[PDB]
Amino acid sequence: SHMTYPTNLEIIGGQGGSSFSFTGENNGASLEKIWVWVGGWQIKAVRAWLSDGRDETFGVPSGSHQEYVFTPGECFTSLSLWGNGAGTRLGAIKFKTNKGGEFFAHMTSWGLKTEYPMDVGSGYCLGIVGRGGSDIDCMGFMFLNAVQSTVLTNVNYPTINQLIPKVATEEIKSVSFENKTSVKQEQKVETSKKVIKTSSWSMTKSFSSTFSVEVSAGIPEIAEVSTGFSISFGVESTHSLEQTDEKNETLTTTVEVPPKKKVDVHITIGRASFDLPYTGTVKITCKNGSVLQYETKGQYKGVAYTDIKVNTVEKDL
């Protein structure tokens, strides 16, 4: 049998110190900044920040540090690690990024020996894992493996049943008919109106800049019933994380004009702006068949419309 994993991690160095694990495996967070302190025959310490705000130091800093700051969407293209030649510490880190950056931090006295080039997977670095004490005994960088799909699913809007939506009226057209005869009359009125419907689900920028996130979700919809407006949780379908859809809404109406009456026809549409929290599950499927999933929450913003409405008012003359 053959085992695959959604992350790629190759740890280099010795067996001393105490284990550490500092990664976004739980929530999709990525490595956002790293400080590296070197010594004569080791990497001395590493401080790392993840995109979710976590910040931890391993080993004991001495001297000044080298820094690398990753921008959202910046991924590794390559990584090599060296031990210290004696098999007892990490000795050097070298990487390059898809934004043209390079970084090289190495011990200062002892010469570098065997280079270990790594497969960065997708290039999205989830953090670092190794062992430290006084120094960095060993370390590796964890990557998400190449991705087949990244999907936001199991979406809920937990406040949707409490929400009272503000629905603004857009006038489309009004016209007046006059029936001076003693028999009812029929008038056809055709209406068209462009509507622009939008949906967006917020996501940490690092993740959404690196991966094309598809959304499997119902969205909020708006309708006008007898008792007023009603919000509903629509049927689940596929969306992009930010989605806009234009269409020409149309309607054909037959207006009845009673004898000796004026009828005014008022044709309108209601526009609603949703701004409410959502929860869901991010499901990553790797090319190698493995999966990584985690729960998330953010803000849904949406613009939705009612059906075109026709109201008629009758008057004399």
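In this text, residue numbers run from 1 along the sequence as written.
Look at the C-alpha B-factors of 307-315 and of 2-10. On average they run higher in 307-315. Stretch comparison (139-147 versus 189-197) by mean CA B-factor in the PDB entry places 189-197 on top. Note on the listed residues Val46, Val282, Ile269, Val255: the highest Cα temperature factor in the record is that of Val255. In the deposited coordinates, the residue among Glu102, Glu115, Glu221, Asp119 with the greatest CA B-factor is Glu221. Annotation for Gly133: C-alpha temperature factor in the middle third relative to the rest of the modelled chain, per the entry. The entry lists a Cα temperature factor for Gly289 that places it in the middle third of the chain's modelled residues.
Ranked by C-alpha B-factor against the other modelled residues of its chain, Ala217 falls in the middle third. Ranked by Cα temperature factor within the chain, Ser109 sits in the middle third according to the deposited record. Among all modelled residues in this chain, the alpha-carbon of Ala168 has a temperature factor (C-alpha) in the highest third.
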